[PDB]
Amino acid sequence: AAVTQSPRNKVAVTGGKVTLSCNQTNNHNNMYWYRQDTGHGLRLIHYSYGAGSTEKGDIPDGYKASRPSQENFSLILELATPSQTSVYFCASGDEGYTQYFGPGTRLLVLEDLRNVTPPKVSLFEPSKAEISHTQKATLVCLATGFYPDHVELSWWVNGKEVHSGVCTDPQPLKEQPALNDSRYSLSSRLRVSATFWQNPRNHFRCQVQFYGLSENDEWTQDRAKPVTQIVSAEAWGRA
Amino acid sequence: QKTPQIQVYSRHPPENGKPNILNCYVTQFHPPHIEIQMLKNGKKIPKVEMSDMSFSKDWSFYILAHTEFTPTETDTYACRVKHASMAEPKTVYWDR
Amino acid sequence: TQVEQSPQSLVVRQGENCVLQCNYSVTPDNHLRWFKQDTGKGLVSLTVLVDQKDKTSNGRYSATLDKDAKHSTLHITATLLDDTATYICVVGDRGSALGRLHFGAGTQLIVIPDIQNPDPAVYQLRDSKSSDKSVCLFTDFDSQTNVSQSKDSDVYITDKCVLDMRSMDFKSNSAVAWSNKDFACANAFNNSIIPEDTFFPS
Amino acid sequence: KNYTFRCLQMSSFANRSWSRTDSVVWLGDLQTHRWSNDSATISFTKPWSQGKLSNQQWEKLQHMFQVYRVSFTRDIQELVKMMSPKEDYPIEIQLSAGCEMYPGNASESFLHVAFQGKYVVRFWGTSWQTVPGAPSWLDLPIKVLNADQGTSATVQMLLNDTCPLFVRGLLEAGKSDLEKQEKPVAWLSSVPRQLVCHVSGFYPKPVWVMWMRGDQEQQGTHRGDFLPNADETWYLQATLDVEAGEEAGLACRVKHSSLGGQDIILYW
Ligand SMILES: CCCCCCCCCCCCCC[C@H](O)[C@@H](O)[C@H](CO[C@H]1O[C@H](CO)[C@H](O)[C@H](O)[C@H]1O)NC(=O)CC/C=C\CCCC[C@@H]1C[C@H]1CCCCCCCCCC
Ligand SMILES: *[C@@H]1O[C@H](CO[C@@H]2O[C@@H](C)[C@@H](O)[C@@H](O)[C@@H]2O)[C@@H](O[C@@H]2O[C@H](CO)[C@@H](O)[C@H](O)[C@H]2NC(C)=O)[C@H](O)[C@H]1NC(C)=O
Ligand SMILES: *[C@@H]1O[C@H](CO)[C@@H](O)[C@H](O)[C@H]1NC(C)=O
Ligand SMILES: *[C@@H]1O[C@H](CO)[C@@H](O)[C@H](O)[C@H]1NC(C)=O
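Residues numbered from 1 in each chain as written, not as in the entry; some residues may be left out. Chains lettered and ligands numbered in written order. Heavy atoms only, no water. Residues with missing side-chain atoms left out of burial classes, pairs and counts.

- As summarised from the PDB record, the model derives from X-ray crystallography at a stated resolution of 2.9000 Å.

Structure follows, in structure tokens:
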């Protein structure tokens, strides 16, 4: 019994319309929207008992809800607000008590978008010293120069995501921590066997998914419109 | 909806000057929101007691109001009932 | 706050056992569910208890529920590094879809990883596109080394970070440093208190 | 012979936020309990209303009801949301529930629900179900209520074991009141020309009232309905349409178990 949420991550500006969609194939009559905020549980916003209905939940203010069909329950924010920065969770269930939760969606509502900036991705190649002293090869990825802090860094080997032997900073760091809203920087690690790295037919790639502006947001400055995009870096194995 | 059936009757055999209790029995009505008064000469008797509301097998409501009264030659006693099922309120007068 | 959890957070050396507590005033209490939530992810169910006095288990997780006392626990035997996560108590007030769920604010677990065989070193890695640039990777230190942030604002040092080569049952903390300044990997971690037997290559 | 114990609940939901729920309880024609919406707690209307339950039992039983009441209210409200706009306030639910006791340790128990005055649902066996005539839309409400296994076991326990047990205890503790005898009193009156025999104050309800010319039971008699008095006695009257002038020599014979043998004869 599955449930999906799109988008999974959104940067937005005060006053903008934001729409969070949830979709489920289980033919579940009932669907629910929560928001999770540090130091509270999940609190229910709107829910639906079937197509055509939407009911006010426990903290409905600022949110309108829309069930156009059995499949879709969408949460709509007509006028976004910094206070609506949260992690939003959709659920469905049938007539019994279990609610099957979605993966969650992250929203950040900023005052202005003037600082939004995608990252610069560098990939650094294993030390010969490490290789020869450990029999292991650690790649290091750096993403830098970015704002706000909404990046998903993923590791790919031969077009297949890898998690084993990865460790990403649990939060990004601030490049000018004594400045109003500075840019961020995040590092990650992927450690492999020295033979793996030595294989010249393995392609390694650090990939940063940056969440920024939508193509339909006004861009007022001269620099490239800092859109939601992918920045990456890659290297091949070597002997 | 259903129309109230009112029934005014005395507990003891009526006798002038001699105190007694006068019953107004309202029955067979739906929905149960009702206003029941008991009148002496068209005027609201102040100390009137209600049983708790209940209902029969046919799911219809009933309730018994009563009050103390001394019946006389020249005094009329009635039970006035307001219900959404009636345009105007039905008054039923007592009769010996 | 009809669902109170305790402790608000707790730290434990890998291998150790721990118990989480959940107390509630919710009425009625048809069922209690313990969710697990990795930092960044969403909600995985671990168990749901439904009887007056109830016991459950899911591998290394066991749990109780006493409805007279309105109290549940969650025992994790022999913790692993993947247990680092937030644990959330949830009480359903009906055995049907008519119910509302009431969420605790969770308990934040952190499990310290056991580094059986340390070999601390500081190596220098080279940028694929541009040999001019580089980073310094301080690695293979044990859990009782903390990593202190940069002296200069120009230098960046990230924090300790354990990776798990499941392939080879092997873990290792690491931290990264870089800068443009008269900057090098001998100097990079100076303002951090690093073991006296650290490997520093050429 | 066969007493019936009846828990009558009546609840009214005016709109989305105003509801109220009031119950009263009967054993035959005598009230034993009363539970007002604005009372947190159930009220004995008889010294023996607790039955042969210890306090511990009563307090747990009552507490089950306290929870149910609150729970009942929200669920209806949520059920109206699930159905809407097919169904809308004002809504009147009424429950009738209890057991009827028989010789042996034998009893049937019931739990019948009514919606806007029409009997539609019952608990039966192990689950809820609609009765003949009910609207099909109830199938969703009923499918939901039947999802709640916890409520099913409880209700099954109340109907199968608790009611007959409790009511068997009640009948022991209430013997005195339940087996009370009160003597009727009678008076005659008339109107347009209808003779009228008033009988009042009698308990229990069975009674025989007949107009008579001497030893010949005048067959045109009409028994009225049993109306109650406030003190838990009964009132009833019998009328006879007669040609004016023919009143002479008519009597009103009233029989009652109160009256050991000697009847009440009233002459015009
Ligand atoms: C539009 C709709 C039309 C159709 C509408 C269809 C309507 C059908 C409604 C019927 C169910 C409503 C309650 C169930 C409720 O829905 C659950 O909420 C609740 C609560 O359920 C939750 O919590 C429970 C724990 O207590 C369980 O864990 C349960 O699993 C959980 O779900 N469950 C109950 O409380 C079980 C009790 C249910 C029924 C008891 C019989 C009630 C009939 C009596 C006549 C009423 C009041 C009289 C009181 C005074 C008598 C005292 C004298 C002594 C007597 C011994
Ligand atoms: C309780 O008794 C029922 C049967 O009793 C009927 O329903 C009650 C709620 C009450 O109204 C009685 O007076 C009724 O006569 C049992 O239900 C049976 O269960 C078996 C197996 O569980 C099932 O296969 C049968 O079909 C059911 N019988 C009927 C007539 O529906 C139930 O098991 C009893 N529950 C408990 C907890 O004692
Ligand atoms: C609900 O009903 C009551 C009376 O029946 C009325 O006083 C009140 O205005 C209503 N409440 C709302 C919120 O509409
Ligand atoms: C009836 O009682 C409930 C529960 O105490 C209360 O919240 C509700 O408003 C009451 N309704 C009325 C009309 O008194």
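From this point on, the discussion continues.
Side note on the overall build of chain A
Stage number 1. Regarding its fold elements, chain A presents two helices and 20 strands.
Stage number 2. Its C-alpha atoms put chain A at 65 × 45 × 35 Å along the principal axes.
Stage number 3. Counting only contacts in chain A whose residues sit at least 6 apart along the sequence, the fraction spanning at least 24 positions is 62%. (Helix = DSSP H or I, 4+ residues; strand = E, 2+ residues; numbered from the N terminus. Contact = heavy atoms within 4.5 Å.)

Some words on the sheet that holds strand 7 (residues 64-66) of chain A
All names here are of chain A.
Stage number 1. The strand order 1-3-8-7 describes an open sheet built from four strands, whose pairing is antiparallel. For this open sheet the edge positions go to strand 1 (4-6) and strand 7, each flanked by a neighbour on one side alone. Neighbour to neighbour, the strand axes of the sheet diverge by 20° on average, direction disregarded.
Stage number 2. By the bridge criterion, six bridges tie strand 3 (residues 18-23) to strand 8 (residues 72-77) in an arrangement that is antiparallel. Paired with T19 across the strands is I76, a residue of strand 8. (Pairing = 2+ DSSP bridges. Axes fitted to C-alpha atoms, helices over the stretch in contact; angles between N-to-C directions.)

Examining the domain arrangement of chain C
Residues and elements named next belong to chain C.
Stage number 1. When the domains of chain C are assigned, the result is domain 1 (1-113) and domain 2 (114-202).
Stage number 2. On a C-alpha basis, the centroid separation for the pair domain 1 and domain 2 is 37 Å.
Stage number 3. Across the side of domain 1 that touches domain 2, the residue classes tally to three nonpolar, one polar and one charged. (Domains from an automatic or database assignment. Nonpolar A, V, L, I, M, F, W, Y, C, P; charged D, E, K, R; others polar.)

Things to note about the side chain of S154(A)
Residue and element names in this part refer to chain A.
Stage number 1. Within the element layout of this structure, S154 appears in strand 14 (residues 151-157).
Stage number 2. Reaching out from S154, the side chain makes a polar contact with the side chain of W156 at a distance of 2.9 Å.
Stage number 3. Those residues in contact with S154, other than ones at most four positions away along the chain, are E161, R205, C206 and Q207. (Polar contact = N/O pair within 3.5 Å; in protein donor to acceptor, adjacent residues only side chain to side chain.)

Observations regarding the interface of chain A and chain C
Many authors give the size of an interface as the accessible area that is lost as the parts come together.
Stage number 1. Between chain A and chain C, the residue contacts involve 54 residues of the former and 55 residues of the latter.
Stage number 2. Class assignment of the residues belonging to the side of chain A that touches chain C gives a composition of 21 nonpolar, 20 polar and 13 charged.

Here's the deal with helix 3 (residues 149-178) of chain D
Stage number 1. Between its terminal C-alpha atoms helix 3 of chain D stretches only 38 Å, short of the 44 Å expected from 30 residues at 1.5 Å a residue.
Stage number 2. If you look at helix 3 of chain D, its biggest bend is around 45°, right at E172(D). (Expected span 1.5 Å × (residues − 1). Bend = angle between axes of the 7 residues up to and from the residue.)

A closer look at the site of ligand 2
All names here are of chain D.
Stage number 1. With respect to spatial proximity, the complete set of residues near ligand 2 consists of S109, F123, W124, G125, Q156, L159 and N160.
Stage number 2. One of the side-chain N or O atoms of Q156 is found 2.4 Å from a nitrogen atom in ligand 2.
Stage number 3. Relative to its unbound accessible surface of 730 Å², ligand 2 loses 45% to contact with the protein.
Stage number 4. At the level of elements, strand 7 (118-124) and helix 3 are the ones that each hand at least two residues to the shell around ligand 2.
Stage number 5. By residue class, the composition of the shell around ligand 2 is three nonpolar, four polar and no charged. (Near = heavy atom within 4 Å. Areas by Shrake-Rupley, 256 points an atom, 1.4 Å probe, with all protein chains shown as cover.)

Let's talk about the interface of chain A and chain D
Stage number 1. With six residues of chain A in contact, the opposing surface of chain D contributes seven residues.
Stage number 2. It is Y49(A), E55(A) and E95(A) that lose the most area in chain A upon contact with chain D, and together they represent 70% of the buried surface on that side.
Stage number 3. The interface formed by chain A and chain D contains zero salt bridges.
Stage number 4. At the boundary of chain A with chain D, the tally comes to three residue pairs in polar contact. (Buried area = accessible area lost by both parts, 1.4 Å probe. Salt bridge = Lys/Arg side-chain N within 4 Å of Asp/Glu carboxyl O.)

Quick look at the nonpolar core
Residues and elements named next belong to chain A.
Stage number 1. Ranked by size, the top nonpolar core spans 35 residues in total, and within it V121 and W155 carry the most contacts.
Stage number 2. Broken down by secondary-structure element, the contributors of at least two residues to this core are strand 11 (105-110), strand 12 (120-125), strand 13 (136-146), strand 14, strand 18 (184-193), helix 2 (194-198), strand 19 (203-210) and strand 20 (229-236).
Stage number 3. Counting residues per element, this core draws most heavily on strand 13, at five residues.
Stage number 4. If you count residues domain by domain, this core takes at least three from each of domain 1 (1-111) and domain 2 (112-239).
Stage number 5. Leaving out residues up to four positions away in the same chain, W155 has contacts with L123, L139, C141, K160, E161, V162, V166, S188, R189, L190, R205 and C206. (Core = buried A, V, L, I, M, F, W, Y, C linked by side-chain atoms within 4.5 Å. Buried < 20%, exposed > 50% of the residue type's maximum accessible area, 1.4 Å probe, protein only.)

Observations regarding the site of ligand 1
Stage number 1. In the vicinity of ligand 1 lie 28 residues, with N30(C), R94(C), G95(C), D75(D) and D148(D) positioned nearest.
Stage number 2. Ligand 1 is flanked by residues contributed from chains C and D.
Stage number 3. In this structure, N30(C) approaches ligand 1 through a side-chain N or O atom, which is 2.7 Å from an oxygen atom.
Stage number 4. Here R94(C) contributes a side-chain N or O atom positioned 2.8 Å from an oxygen atom of ligand 1.
Stage number 5. In isolation ligand 1 offers 1300 Å² of accessible surface; the protein chains occlude 92% of this area.
Stage number 6. Looking at the shell around ligand 1, the elements that each hand over two or more residues are strand 1 (5-13), strand 2 (19-27), helix 1 (55-83) and helix 3 of chain D.
Stage number 7. For the shell around ligand 1, the leading source of residues is helix 1 of chain D, giving 10 residues.

Notes on the pairing of strand 11 (residues 208-213) of chain D
Side chains on a regular strand alternate between the two faces of the sheet.
All names here are of chain D.
Stage number 1. Both strand 11 and strand 16 (residues 250-255) contribute to a ladder of six bridges, which runs antiparallel. By the bridge assignment, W208 is partnered in strand 16 with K255.
Stage number 2. Linking two consecutive strands that pair antiparallel, namely strand 11 and strand 12 (residues 216-217), is a turn of two residues; a positive phi of about 65° is found at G214 within it.

Here's the deal with the arrangement of the chains
Stage number 1. With four pairs of chains in contact overall, the greatest share of contacts is found between chains A and C.
Stage number 2. There is no contact between chain A and chain B; across them, the least C-alpha separation is 28 Å.
Stage number 3. Separating chain B from chain C is a minimum C-alpha gap of 27 Å, and the two share no contact.

Digging into the pattern of salt bridges
Working definition: two side chains of opposite charge can pair if their charged atoms are close together.
Residues and elements named next belong to chain C.
Stage number 1. With the rule as written, the count across this model stands at 28 salt bridges over all chains.
Stage number 2. Between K171 and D164 there is a salt bridge, and its shortest N-O distance comes to 3.1 Å.
Stage number 3. By relative accessible area, which is 18% here, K171 ends up buried.
Stage number 4. Bridged by salt links that share partners, the residues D82, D164, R166 and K171 form one connected network.

Considering the packing of aromatic side chains
Stage number 1. Overall, the coordinates contain 33 aromatic pairs over all chains when judged by the stated rule.
Stage number 2. Between the aromatic rings of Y147(A) and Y184(A), the centroid separation amounts to 6.0 Å while the plane-to-plane angle is 10°, which identifies the pairing as stacked. Here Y147(A), found in the loop between strand 13 and strand 14, pairs with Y184(A), found in strand 18; they are 37 residues apart in sequence, far enough to count as distant. Accessibility classification places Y147(A) together with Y184(A) in one group, the buried group.
Stage number 3. Grouped by ring-pair contacts, the aromatic residues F29(B), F55(B), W59(B), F61(B) and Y119(D) constitute a single cluster.
Stage number 4. Over the ring of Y61(C) we find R60(C); its NZ or CZ atom is 5.7 Å from the centre of that ring.
Stage number 5. Taking NZ or CZ as reference, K205(D) lies 4.2 Å from the ring centre of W234(D), over its face. (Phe/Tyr/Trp six-rings, centres within 6.5 Å; stacked < 30°, edge-to-face > 60°. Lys NZ or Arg CZ within 6 Å of the ring centre and 35° of its normal.)

Points about the state of the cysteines
Stage number 1. Tallied over the full model, the rule gives eight disulfides over all chains.
Stage number 2. Disulfide pairing places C22(C) opposite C89(C) at an S-S distance of 2.0 Å. The S-S bond linking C22(C) to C89(C) shows a torsion near -85°; that makes this disulfide left-handed. Pair noted here: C22(C) is in strand 3 (residues 18-24) and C89(C) is in strand 9 (residues 85-92), with a separation of 67 residues, a long-range link. The two residues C22(C) and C89(C) agree in class, both being buried.
Stage number 3. The disulfide partner of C136(C) is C185(C), and the S-S distance across this bridge is 2.0 Å. Looking along the S-S bond of the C136(C)-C185(C) disulfide, the torsion reads about -75°, which is the left-handed sense. Both residues of the pair, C136(C) and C185(C), count as buried.
Stage number 4. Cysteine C18(C) is unpaired, with the sulfur of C89(C) as its nearest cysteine sulfur at 15 Å.
Stage number 5. Looking at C7(D), it has no disulfide partner, and the nearest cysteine sulfur is the one in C163(D), 6.2 Å off. (Disulfide = S-S within 2.5 Å.)

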